Amino acid sequence: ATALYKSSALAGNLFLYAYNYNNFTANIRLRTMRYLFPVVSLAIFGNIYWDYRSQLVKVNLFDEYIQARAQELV
Amino acid sequence: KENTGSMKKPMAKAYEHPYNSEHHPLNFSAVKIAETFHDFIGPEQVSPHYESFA
Ligand SMILES: CCCCCCCCCCCCCCCCCC(=O)OC[C@H](COP(=O)([O-])OCC(O)COP(=O)([O-])OC[C@@H](COC(=O)CCCCCCCCCCCCCCCCC)OC(=O)CCCCCCCCCCCCCCCCC)OC(=O)CCCCCCCCCCCCCCCCC
Ligand SMILES: CCCCCCCCCCCCCCCCCC(=O)OC[C@H](COP(=O)([O-])OCC(O)COP(=O)([O-])OC[C@@H](COC(=O)CCCCCCCCCCCCCCCCC)OC(=O)CCCCCCCCCCCCCCCCC)OC(=O)CCCCCCCCCCCCCCCCC
């Protein structure tokens with residue numbers, strides 16, 4: 001749920017840039033947003049995927065241990 | 001002699017900016033923010049009645 005929301009909020013920023021593409025692209029007063037919007041977007045995507053990827057790794061480590069340790073105890 | 005006058009063919013069109021529109025104006029001003037504002041709050045709610053609602 002958290003990964004899906006944060007992904008939708010990131011997609012919301014892409015709409016804000018697309019809805020206002022002509023201004024971010026042609027108006028030089030908004031050049032800093034045109035240049036650094038994708039850097040912030042990647043850093044946000046990285047946090048979203050980093051957490052999902054790390055959580056996924058831990059779940060798999062937990063699952064493979066309880067199965068192995070259980071057979072030893074049997 | 002004046003009645004015999006004619007008219008030259010003018011130019012077809014001037015430059016059309018590919019990044020400025022009436023709904024997405026390139027440059028900013030309080031006039032366009034006002035249009036978007038009065039579209040949000042809507043027009044004046046005129047009452048046709050003879051006494052106030054309250
Ligand atoms: C009380 C009950 C409560 C219910 C809760 C729900 C409340 C209602 C929610 C309303 C807001 C959401 C809108 C949902 C759609 C509703 C339909 C609608 O818009 O109204 C009728 C609307 C007309 O509006 P109107 O009121 O009749 O008159 C408007 C005026 O004429 C003036 O014309 P105009 O065009 O200037 O007007 C624009 C108009 C309509 O603008 C639009 O064009 C509607 C499109 C909005 C898209 C929203 C972003 C979604 C991005 C795409 C995700 C796709 C995912 C799947 C991908 C699959 C493919 C791989 O207003 C908006 O822009 C609404 C924007 C809402 C704010 C969004 C802010 C996001 C940042 C905050 C994030 C918060 C987290 C949640 C974010 C969730 C995002 C998923 O119909 C249309 O606009 C037709 C559009 C036809 C062509 C669309 C082509 C697709 C465009 C996609 C953009 C792509 C962006 C870049 C890619 C991003 C993906 C990576
Ligand atoms: C499960 C069941 C549960 C649900 C059951 C269903 C029940 C749902 C309830 C709905 C009831 C029906 C709704 C009808 C419309 C709203 C009510 C209304 O009075 O509208 C007409 C009323 C005026 O009537 P009018 O004759 O059509 O207007 C003629 C002139 O244009 C007006 O201007 P004028 O100066 O040219 O003419 C004279 C003007 C002179 O008087 C005035 O103009 C009033 C001055 C107020 C403006 C002063 C500046 C303050 C406003 C700044 C904005 C701040 C809010 C926004 C900022 C934050 C963003 C959210 O009006 C008057 O004659 C006296 C005022 C009316 C009597 C006093 C009412 C006081 C309370 C109304 C405001 C609510 C305060 C918050 C309470 C809620 C607590 C959470 O409209 C307003 O003044 C503002 C309405 C906003 C009301 C929002 C709250 C709605 C809930 C209503 C429930 C009843 C109040 C409960 C509070 C109890 C505290 C003691």
Practice task
Name the most mobile residue of A:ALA11, A:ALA26, A:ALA43, meaning the one with the largest mean-square fluctuation, in a Gaussian network model of chain A with Cα contacts below 10 Å.
Solution key: A:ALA26
Practice task
Please identify which residues in the range A:1-41 have an amide N closer than 14 Å to a label point set 7 Å out from the Cα of A:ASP51, following the Cα→Cβ vector.
Solution key: A:1-10
Practice task
Enumerate the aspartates and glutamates that A:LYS6 could reach by cross-link, defined here as Cα to Cα under 18 Å, with residues fewer than 8 away along the same chain left out.
Solution key: A:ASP51
Exercise for the section: Please build a GNM for chain B, connecting alpha carbons under 10 Å apart, and tell me which residue among B:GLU16, B:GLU35, B:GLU44 fluctuates the most. Expected result: B:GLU44
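With only alpha-carbon atoms in the gyration tensor, what are the semi-axes of the equivalent ellipsoid for the protein assembly as shown, in Å, largest first? Before the final figure, lay out each step's value.
Values: eigenvalues 693, 174, 33 Å².
With the √(5λ) rule applied to the protein assembly as shown, the semi-axes are 59, 29, 13 Å.
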Problem - log₁₀ of I(q)/I(0) at q = 0.15, 0.20, 0.28 Å⁻¹ - chain B, Debye sum with one point per alpha carbon - result: -0.73, -0.90, -1.12
Problem - Binned Cα-Cα distance frequencies in chain A - 5 Å width, integer % - result: 3, 13, 16, 15, 11, 9, 8, 6, 5, 4, 3, 3, 2, 1, 0
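Which order results if B:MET11, A:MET33 are arranged by neighbouring Cβ count within 10 Å, fewest first? Mind showing how you got there, number by number?
Details: B:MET11 5, A:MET33 15.
Starting with the residue having the fewest Cβ neighbours, the order is B:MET11, A:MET33.
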Handout entry: For residues of A:19-26, the mean tally of beta carbons on other chains within 10 Å
Key = 3
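Treat the count of other C-beta atoms within 10 Å as a stand-in for reagent exposure and order A:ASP51, B:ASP39 from fewest to most. Walk me through the intermediate numbers first.
Values: A:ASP51 13, B:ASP39 9.
Arranged by neighbour count, lowest to highest, A:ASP51, B:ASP39 become B:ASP39, A:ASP51.
Cβ: placed from backbone, ideal geometry, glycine included. Neighbour counts: every protein chain shown. Every read-out reported here was derived from the displayed coordinates using simple, explicitly stated rules and does not represent laboratory data.
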